[PDB]
Amino acid sequence: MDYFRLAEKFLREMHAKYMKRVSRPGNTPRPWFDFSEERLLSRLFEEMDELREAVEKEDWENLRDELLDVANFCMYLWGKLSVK
Amino acid sequence: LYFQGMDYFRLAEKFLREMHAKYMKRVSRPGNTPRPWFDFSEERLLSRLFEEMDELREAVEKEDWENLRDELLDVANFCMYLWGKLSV
Amino acid sequence: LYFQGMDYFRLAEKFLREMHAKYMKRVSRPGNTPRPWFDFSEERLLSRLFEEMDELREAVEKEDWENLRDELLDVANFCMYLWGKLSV
Amino acid sequence: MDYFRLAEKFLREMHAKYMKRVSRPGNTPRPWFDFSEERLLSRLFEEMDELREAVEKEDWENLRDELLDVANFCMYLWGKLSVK
Ligand SMILES: [Mg+2]
Ligand SMILES: [Mg+2]
Ligand SMILES: [Mg+2]
Ligand SMILES: [Mg+2]
């Protein structure tokens with residue numbers, strides 16, 4: 001795969017992860033718009049800590065999911081800062 | 001009624017282009033390969049991701065919000081590279 | 001280099017919103033339910049799709065390119081409704 | 001499902017169908033930009049004819065795929081006409 005094909009595959013997975021999260025009762029479908037910069041930072045650090053935990057437990061199956069979570073929250077905070 | 005969900009792709013359409021542009025800028029530099037998701041080991045992709053996450057944390061502590069946007073692109077790319085290595 | 005693939009989502013982000021807006025306009029009208037993908041049979045969704053495809057062909061033959069855009073929204077929606085019925 | 005969730009699912013499938021088509025050697029990754037209105041019309045009618053064939057054969061498994069093809073080519077022509 002070149003970058004573009006990898007990125008297309010990864011975006012589809014990121015989106016599927018977003019779907020699952022927003023499907024939980026009470027969850028905002030637009031965290032990048034609805035949350036403050038501070039809350040988005042806070043959330044991203046939580047996700048990064050979860051990724052570190054998965055690495056420490058050598059939980060590679062869950063590692064894939066945690067990489068998606070981190071990528072999405074990087075995107076959401078980037079989005080918030082890019083309007084700001 | 002507004003299709004809030006389509007705002008995801010409005011965001012991703014921009015973010016993915018910025019991630020690629022960031023890959024461009026660095027693919028050139030010493031010790032960088034055009035396909036890290038394929039060329040590097042899982043172990044190297046990990047330590048590189050952790051390095052980038054450390055830089056992101058450092059930007060936050062310095063309150064350097066300008067440079068923070070770039071560090072978010074780097075972390076996303078390295079999540080992507082390791083995800084790719086792990087998924088094929 | 002340009003990320004040509006992301007142009008797909010730039011297009012879809014607009015098109016999906018227009019499809020929804022078209023659903024809005026017609027969900028109201030007599031003999032229309034808010035959830036045709038759930039409320040109608042496969043057979044009815046089919047004949048409705050075929051009806052919409054016939055209207056699209058009629059717009060093309062009349063060279064009515066303004067109204068053609070609306071007929072494309074209708075066909076896409078009805079492909080979607082039948083796909084949904086078939087997929088759940 | 002409400003409209004939004006259905007549409008999210010359908011778009012993901014439309015995109016996966018697009019991926020597969022563009023992966024064929026020689027295929028444009030941007031038919032909506034690279035093709036003329038006439039070629040896009042021509043292509044859409046071909047896809048609609050294929051959908052009709054699938055219905056006539058009662059090939060319901062292939063019917064799902066043909067619905068995606070038709071939706072994508074409706075979108076591509078709409079895109080071309082919406083710039084025009
Ligand atoms: Mg997580
Ligand atoms: Mg960095
Ligand atoms: Mg019509
Ligand atoms: Mg076909």
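One-based numbering, in listed order, for ligands and for the atoms of each. Keep in mind that the numbers below use all heavy atoms, side chains included, and drop hydrogens, waters and symmetry copies. We name chains A, B, ... by the order of the sequence lines, and we start the count at 1 in each one.
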(request) May I ask you to check whether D70(B) brings an N, O or S atom to under 2.8 Å from the Mg ion (ligand 2)? (result)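 False for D70(B).
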(message) At a threshold of 2.8 Å, where the distance has to be below it, does the Mg ion (ligand 2) have an N, O or S atom of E71(B) nearby?
(response)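 Yes - counting backbone and side chain alike, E71(B) has an N, O or S atom under 2.8 Å.
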(request) Give a yes or no on this: more than 12 heavy atoms of other residues, nucleotides or ligands lie within 6.0 Å of atom NZ of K9(A). (result)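 No, not enclosed.
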(message) Please confirm whether the ring centroid of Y8(B) lies under 6.0 Å from the ring centroid of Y18(A).
(response)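 That pair passes the under 6.0 Å test.
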(message) Please name the atom of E50(A), limited to N, O or S, that comes nearest to the Mg ion (ligand 1).
(response)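 Distance check against the Mg ion (ligand 1) picks out OE1 in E50(A).
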(request) Give the ring-plane orientation class for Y3(D) versus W37(C), where under 30° counts as parallel, over 60° as perpendicular and anything between as tilted. (result)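 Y3(D) vs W37(C) ring planes: perpendicular.
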(message) Need one value: angle at the Mg ion (ligand 1), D69(A) atom OD2 versus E47(A) atom OE1, rounded to 10 degrees.
(response)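 Rounded to 10°, it measures 90°.
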(request) For the residue pair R29(C) and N32(C), confirm or rule out a side-chain donor-acceptor distance under 3.5 Å. (result)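 No, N32(C) and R29(C) have no side-chain donor paired with an acceptor closer than 3.5 Å.
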